[PDB]
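Structure, as structure tokens:
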Amino acid sequence: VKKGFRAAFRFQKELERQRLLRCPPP
Amino acid sequence: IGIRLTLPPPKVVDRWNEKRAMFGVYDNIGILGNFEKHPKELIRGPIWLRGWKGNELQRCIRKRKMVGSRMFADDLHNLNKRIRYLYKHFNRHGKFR
Amino acid sequence: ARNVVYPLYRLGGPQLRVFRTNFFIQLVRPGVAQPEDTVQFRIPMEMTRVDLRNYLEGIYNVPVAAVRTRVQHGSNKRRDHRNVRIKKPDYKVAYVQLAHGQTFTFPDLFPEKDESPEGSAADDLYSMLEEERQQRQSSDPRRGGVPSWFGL
Amino acid sequence: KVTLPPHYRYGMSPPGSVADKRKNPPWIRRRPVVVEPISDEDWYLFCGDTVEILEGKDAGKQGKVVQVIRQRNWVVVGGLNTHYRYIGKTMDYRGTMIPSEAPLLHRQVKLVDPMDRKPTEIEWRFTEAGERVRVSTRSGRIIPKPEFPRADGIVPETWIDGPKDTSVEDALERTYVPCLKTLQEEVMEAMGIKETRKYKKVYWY
Amino acid sequence: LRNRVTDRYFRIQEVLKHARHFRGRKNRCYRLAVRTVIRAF
Amino acid sequence: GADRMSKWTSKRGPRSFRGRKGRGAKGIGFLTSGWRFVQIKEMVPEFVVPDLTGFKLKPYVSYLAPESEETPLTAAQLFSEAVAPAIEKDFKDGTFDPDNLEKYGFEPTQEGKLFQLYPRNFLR
Amino acid sequence: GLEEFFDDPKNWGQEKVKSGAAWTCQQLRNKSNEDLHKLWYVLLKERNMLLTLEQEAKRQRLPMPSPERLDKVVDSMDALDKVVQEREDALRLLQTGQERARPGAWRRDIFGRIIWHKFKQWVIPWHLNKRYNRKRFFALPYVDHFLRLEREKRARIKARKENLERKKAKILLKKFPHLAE
Amino acid sequence: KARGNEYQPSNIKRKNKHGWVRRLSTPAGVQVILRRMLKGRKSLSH
RNA sequence: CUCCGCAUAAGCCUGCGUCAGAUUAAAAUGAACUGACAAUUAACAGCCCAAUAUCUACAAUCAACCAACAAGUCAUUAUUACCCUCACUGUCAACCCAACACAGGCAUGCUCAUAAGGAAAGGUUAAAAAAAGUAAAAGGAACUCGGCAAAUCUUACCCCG
RNA sequence: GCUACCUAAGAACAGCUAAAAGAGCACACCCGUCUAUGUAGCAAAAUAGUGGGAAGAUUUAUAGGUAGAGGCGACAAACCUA
RNA sequence: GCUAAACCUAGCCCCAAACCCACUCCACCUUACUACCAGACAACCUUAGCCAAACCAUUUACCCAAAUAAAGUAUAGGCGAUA
Ligand SMILES: [K+]
Ligand SMILES: [K+]
Ligand SMILES: [K+]
Ligand SMILES: [K+]
Ligand SMILES: [K+]
Ligand SMILES: [Mg+2]
Ligand SMILES: [Mg+2]
Ligand SMILES: [Mg+2]
Ligand SMILES: [Mg+2]
Ligand SMILES: [Mg+2]
Ligand SMILES: [Mg+2]
Ligand SMILES: [Mg+2]
Ligand SMILES: [Mg+2]
Ligand SMILES: [Mg+2]
Ligand SMILES: [Mg+2]
Ligand SMILES: [Mg+2]
Ligand SMILES: [Mg+2]
Ligand SMILES: [Mg+2]
Ligand SMILES: [Mg+2]
Ligand SMILES: [Mg+2]
Ligand SMILES: [Mg+2]
Ligand SMILES: [Mg+2]
Ligand SMILES: [Mg+2]
Ligand SMILES: [Mg+2]
Ligand SMILES: [Mg+2]
Ligand SMILES: [Mg+2]
């Protein structure tokens with residue numbers, strides 16, 4: 001495990017965008 | 001791969017604990033204390049590093065003459081080898097002469 | 001005795017005697033066919049056939065005609081999850097033959113009739129399981145998987 | 001005997017059981033659970049003792065303590081904080097559903113005063129005879145250690161001596177007379193053995 | 001103090017997004033795509 | 001290709017090795033000329049087994065018994081129980097001297113005894 | 001006879017066999033040596049019947065009826081051996097004053113480490129023994145460096161052990177901060 | 001010819017060449033056992 | 001088919017015995033892998049000896065003729081001391097050294113062709129090239145650096161040693 | 001524990017010819033002449049056939065000895081754990 | 001959709017402080033871990049070289065009992081390298 005918070009937070013945002021594309025909301 | 005999938009636990013820091021609230025106190029013990037004490041005497045750590053600064057070769061040379069008679073045999077042998085390697089690098093290798 | 005120092009003997013010295021012996025022997029069932037008079041034991045390594053005779057005659061009042069011993073190797077083949085060999089302890093086997101024509105047959109120490117309990121046993125948890133298991137019935141094929149609980 | 005790895009995780013099932021072996025094989029290595037250190041003397045919760053649940057699915061309920069696990073500071077109470085699990089299942093039969101209790105930390109329970117059925121805090125003290133006991137802070141009253149059946153299962157009040165069980169009158173009879181002789185010498189005089197030969201001296205080195 | 005690159009994933013994705021429409025292994029393997037993305041620009 | 005991390009035993013080695021190594025059994029004699037073994041009756045441990053007839057004690061003890069505390073026996077505890085009473089009586093009688101210590105039970109030496117205490121020459 | 005190696009015929013096949021408690025060391029300090037020498041053989045015969053049953057249960061691939069019986073007898077056999085040895089040790093201190101029944105001495109081995117040498121019984125004095133004089137009880141000066149290296153190895157271990165314990169305690173307050181007191 | 005079979009086991013030769021008694025026979029063999037004791041070898045000698 | 005086989009020594013150390021198996025061999029009966037249980041029993045062999053002095057020219061080879069050199073593996077007496085006796089250990093296997101369940105390496109006795117021990121073909125088709133063999137018209141070294149190889153069963157000479 | 005040489009005490013060598021043999025034919029056994037095959041193979045030097053020797057300066061099991069500024073060597077600058 | 005991916009503990013490092021240092025029984029220098037028999041063998045002795053000198057041949061720093069400073073000074077040295 002690498003220490004840091006900026007990259008993990010930035011990676012969660014890309015996952016959300018990916019999730020929205022796969023399952024777009026009404 | 002190579003990046004965590006979850007966020008790490010929050011990094012909670014107490015900016016007003018004893019060590020942070022009282023940092024820097026008694027740094028002017030000499031100016032305001034009639035120079036009875038010197039700020040370097042407030043430094044704690046290795047006895048060969050208190051109030052002193054040098055490069056690795058200077059640090060290694062200083063440690064060997066101050067605590068070298070108390071060092072473990074394996075650690076002392078490695079110290080002597082480190083001093084030999086550093087002596088050659090600093091005095092024989094480099095870009096400038 | 002084992003794990004003890006033996007007093008050294010010299011010509012004309014006292015007889016060697018052990019008042020409390022820590023030798024512990026276990027009678028075992030033979031794996032292969034043996035004569036009727038023959039009996040089989042598992043004894044410690046330090047024990048001798050001469051001791052087993054005097055040990056049996058004195059403690060158990062059993063006359064023995066002959067005693068034979070062999071050392072059985074324990075496999076050191078088994079390995080653990082760290083690939084380190086596990087040793088099965090080596091043990092000594094003794095074959096004893098009775099003296100006056102007596103015959104010994106290993107008894108059945110686990111009779112099925114005795115093992116079966118005539119007296120009723122009513123474990124609460126087991127009764128709960130058995131009752132419920134019996135009452136519930138398999139799904140009727142004609143029902144087609146429709147929940148049966150509903151009376152409607 | 002006992003074979004516990006360095007960081008063995010204690011659980012509801014006892015060590016050495018078939019369930020614990022499957023759960024905790026020799027090879028696994030898990031993060032050690034952190035347990036607040038509590039002196040054996042300070043521990044105040046014992047089996048058979050009523051306790052009130054402060055936090056959980058069913059708070060404010062009082063129940064008897066059936067089991068305690070000191071290694072993890074756990075308290076198990078019957079019929080409270082219980083989930084449901086199918087027991088005795090098979091491939092064809094779904095199984096029987098039963099309520100299974102979940103362990104509670106010593107901070108999620110609170111002892112109750114016998115006089116008033118309310119949660120209270122207790123501090124150890126000593127009586128006149130000197131026997132140590134636990135006393136409630138508010139409305140201080142004695143709270144004796146609830147009697148609990150022994151682990152082995154033997155009930156002294158219902159014991160029947162068998163054919164290989166020595167009697168109380170024969171196991172407490174005193175027959176020893178302090179003397180200056182060893183078992184060897186004292187037994188040879190009773191058995192009747194006589195040995196006139198002497199033991200020649202040896203060298204020790 | 002030991003420092004390690006924690007965001008190397010984003011550094012290579014800004015190169016591979018320009019190689020998605022390429023053919024072969026130079027559309028997903030950084031080593032190969034970087035040399036063809038640089039030629040495209 | 002040898003197993004140097006395995007217990008060395010009489011089962012390993014050539015014929016001369018396997019006959020010279022044992023398993024821990026004490027000897028009961030010596031070898032004479034002709035490889036003839038001579039057994040010594042005094043070297044064989046004799047089992048001193050008592051008569052167990054009419055013996056009250058049994059392998060187990062009933063649970064209906066008190067939980068008496070443990071008081072390990074000490075040398076001082078054994079002196080006061082057995083030796084002290086005889087000394088007190090003679091002290092009151094007025095006839096006590098160190099020379100008679102052997103009469104009280106004291107042993108000046110261990111030689112000339114069948115069961116010596118140090119170095120002990122008997123089995124458990 | 002050979003009927004004492006097995007349990008009462010009626011008990012064969014039963015899953016439980018009631019048994020009493022194990023002899024305690026204090027209950028045996030009241031019995032005489034002659035009574036303890038008789039009891040040793042009563043427990044010995046009960047131990048052999050339990051070892052014979054334990055082995056036949058494995059042969060038949062079944063569980064032993066009451067395994068605790070064997071544990072109780074073993075505890076009684078050890079307690080009885082503790083009492084007798086206690087009386088002999090106390091009797092040796094009074095007549096001789098020695099704390100050990102077997103002679104010995106503190107000596108340095110060929111490797112330079114302290115060891116307690118237990119003496120053996122011999123027929124000839126030590127200056128005539130061929131095999132005893134080949135053994136060395138003294139270390140030469142080429143051992144001093146290894147003794148220090150082995151001492152420094154133990155110090156490193158003991159230092160990691162002490163620093164680790166301090167760490168656990170410092171990490172044990174982060175989650176339970178009410179332990180400051 | 002074909003090589004690789006140089007090891008022809010003999011327990012006598014093995015105990016006489018690298019055995020415990022021969023190690024202690026010389027001061028250099030005692031230092032061998034001391035180095036293996038320092039490193040933590042499970043086997044000090046044959 | 002029989003390249004052997006049985007046994008001993010050496011080495012190895014439970015390594016195809018029973019039960020069970022989700023493991024395994026090309027093979028979801030077998031098993032050398034896993035778990036449990038069992039097993040090799042001394043008469044063979046190993047493990048020996050009281051002291052001091054003293055004795056010991058004449059091989060072996062069917063050892064008799066005979067003939068040798070390289071000149072050989074076997075022996076006691078005197079005096080003293082010495083009435084208890086069958087312990088301990090090895091004993092299994094399809095096995096060792098070669099990283100392998102390797103066409104290699106491995107002492108001795110018996111068997112000298114077996115009374116023992118084994119199976120070259122997973123099935124099909126029957127192209128090339130390649131490998132190992134058999135037969136071959138007429139000719140018979142014209143091949144080739146060379147009669148290599150194969151077949152056959154042969155003369156003479158030279159150099160070097 | 002391979003190999004080179006040595007020490008101690010052992011073992012093996014059919015049959016035929018000549019009967020004298022560091023003699024010949026020729027098994028076991030030792031070696032490895034030529035050819036093909038094999039070349040990450042059965043094999044980190046092998047297989048098949050053909051060959052040299054086979055009562056001697058022979059082959060061989062066991063234990064021991066010589067150790068790197070060295071040893072050993074019927075000198076191939078051989079061999080001393082591929 | 002598979003194969004996989006992801007984690008936070010185990011403990012470790014550098015200092016400070018403090019000198020350090022065993023045990024149930026039994027076995028263990030002979031073939032260690034081997035109950036039991038006539039012995040007399042005994043320990044000490046300059047490190048060298050790589051390297052640097054652009055080869056090399058004299059020479060070439062290696063804790064040695066107080067941090068600092070005196071001082072890279074006196075001095076040594078194919079009076080070169082360097083010490
Ligand atoms: K430089
Ligand atoms: K094996
Ligand atoms: K091969
Ligand atoms: K056959
Ligand atoms: K140069
Ligand atoms: Mg035998
Ligand atoms: Mg014999
Ligand atoms: Mg056999
Ligand atoms: Mg086939
Ligand atoms: Mg085919
Ligand atoms: Mg073709
Ligand atoms: Mg033709
Ligand atoms: Mg031509
Ligand atoms: Mg021609
Ligand atoms: Mg032509
Ligand atoms: Mg030809
Ligand atoms: Mg010639
Ligand atoms: Mg060889
Ligand atoms: Mg010779
Ligand atoms: Mg011949
Ligand atoms: Mg010839
Ligand atoms: Mg010839
Ligand atoms: Mg030669
Ligand atoms: Mg030449
Ligand atoms: Mg040349
Ligand atoms: Mg130079």
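Note: hydrogens, waters and symmetry copies are ignored here, and every other heavy atom, side chains too, is used. A, B, ... follow the sequence lines: proteins, then strands. Residue 1 opens every chain.
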ask   = Considering only the P atoms, how many Å lie between K/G72 and K/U46, rounded to the nearest integer?
value = 39 Å
ask   = Syn or anti for J/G22, with syn set at within 90° of 0?
value = syn
is_pair(J/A11, J/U59) Watson-Crick or wobble, both dists under 3.5 angstrom = yes
task = Remember a base hit wins even if backbone is also touched, and classify F/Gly34 as base, sugar-phosphate or nothing at under 4.0 Å, heavy atoms.
result = base
task = Using the six-membered ring for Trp and the full ring for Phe, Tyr or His, decide whether F/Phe17 stacks on the six-membered base ring of K/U31 (centres under 5.5 Å, planes under 30°).
result = yes
query = Using a cut-off of less than 4.0 Å, is there contact between a side-chain N or O of H/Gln8 and OP1 or OP2 of I/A98?
reply = no
query = With a centroid cutoff of 5.5 Å and a plane-angle limit of 30°, would you call C/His73 stacked on I/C92?
reply = no
request  = Look at all strands and tell whether C/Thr48 reaches a base, only sugar-phosphate, or nothing, counting heavy atoms closer than 4.0 Å.
outcome  = sugar-phosphate
message = Closest-nucleotide mapping onto RNA chain I: is C/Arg42 or F/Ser16 further toward the 5' terminus? I mean the 5' end.
response = C/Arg42
query = Under the criteria of a ring-centre distance below 5.5 Å and an interplanar angle below 30°, is H/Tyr7 stacked with the base of J/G1?
reply = no
key: Side-chain N,O (C/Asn76) to OP1/OP2 (I/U14) below 4.0 Å   = no
inquiry  = Closest-nucleotide mapping onto RNA chain J: is H/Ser10 or H/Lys15 further toward the 5' terminus? I mean the 5' end.
reply    = H/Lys15
ask   = Does I/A120 pair with anything, Watson-Crick or G-U wobble, both distances under 3.5 Å, and if so, with which nucleotide?
value = none
